[PDB]
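Before any questions on binding or motion, here is one chain by itself as structure tokens, the form deposited in one PDB entry.
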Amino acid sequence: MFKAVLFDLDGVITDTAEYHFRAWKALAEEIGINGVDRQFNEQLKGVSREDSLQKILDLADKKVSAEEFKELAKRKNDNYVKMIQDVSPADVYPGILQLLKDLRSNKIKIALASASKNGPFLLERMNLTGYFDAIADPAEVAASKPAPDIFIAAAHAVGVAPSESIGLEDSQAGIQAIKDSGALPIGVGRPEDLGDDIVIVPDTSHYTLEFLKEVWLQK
């Protein structure tokens, strides 16, 4: 049986994309740029801060100095950190708390494999910290998803090989990173987005220990 589960944060445990979106929107409004809506935000998801800011500036064809660019970037991050102060256990995705309990009761290791720079803070606010055996530090890994490094680090941090692990992800890059790490992916979302070759569930309420066991046995 698998010995660990490696969790992405956004789109698996909770929604942080909402707060990034709101923070970019509020920045854009604050400097008179229109058009930062949820559709446009698709071009900002999982993209660096610089790239995002550049794309938002490119809407209005607005020019800034290096000093101004830096300050804008900081203001968005400050706004994001303010907005996540509201995170609570009410923000945990369905099925996830029960899954963590059940994994823990079965001595299966639980690790976070997220690019979130606020991962520990977020898990604390959601009261999940006690379930986690490690949180992979994205500052200590060389390359981001779809590189496998973050999943490798998460596995190793709990004393397992990625080949002994299931990885849970909602993104194409993340599924690819899981695959390349050696772990078994189980996607959440749509096969139209994540591929027909992996097991995918429609939402997180389908991530149960029994289902994960069945998937493991069938691989």
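Note that residue numbering begins at 1 and tracks the sequence as displayed.
Stretch with the higher entry mean CA B-factor, where the candidates are 188-196 and 174-182
That would be 188-196.
Select between 164-172 and 33-41 the stretch whose C-alpha atoms have the higher average B-factor in the entry.
Result: 33-41.
Could you check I150, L59, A157, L53 and tell me which one carries the biggest Cα B-factor in the deposited entry?
Largest recorded C-alpha B-factor: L59.
Considering every modelled residue of the chain and its Cα B-factor in the PDB entry, is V201 in the lowest, middle or highest third?
Ranked within chain, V201 CA B lands in the highest tercile.
How does the C-alpha B factor of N127 compare with the rest of the chain: lowest, middle or highest third?
For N127, whose C-alpha B-factor we compare with every modelled residue in the chain, the answer is the middle third.
Sorting by Cα B-factor within the chain, modelled residues only, which third would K117 end up in: lowest, middle or highest?
Within its chain, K117 is a lowest-third residue by C-alpha B-factor, going by the deposited values.
Quick one: classify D91 as lowest, middle or highest third of the chain based on its Cα B-factor.
Lowest third of the chain for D91's C-alpha B-factor.
Relative to the other modelled residues of the same chain, rank the CA B-factor of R22 and answer lowest, middle or highest third.
Middle third by C-alpha B-factor.
One more form of this protein, deposited in another entry, exists but is not displayed; see below.
Among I84, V141, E68, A115, pinpoint the one at the hinge where one rigid part of the chain turns on another between this form and the one not shown.
Checking the domain motion between this form and the one not shown, the hinge sits at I84.
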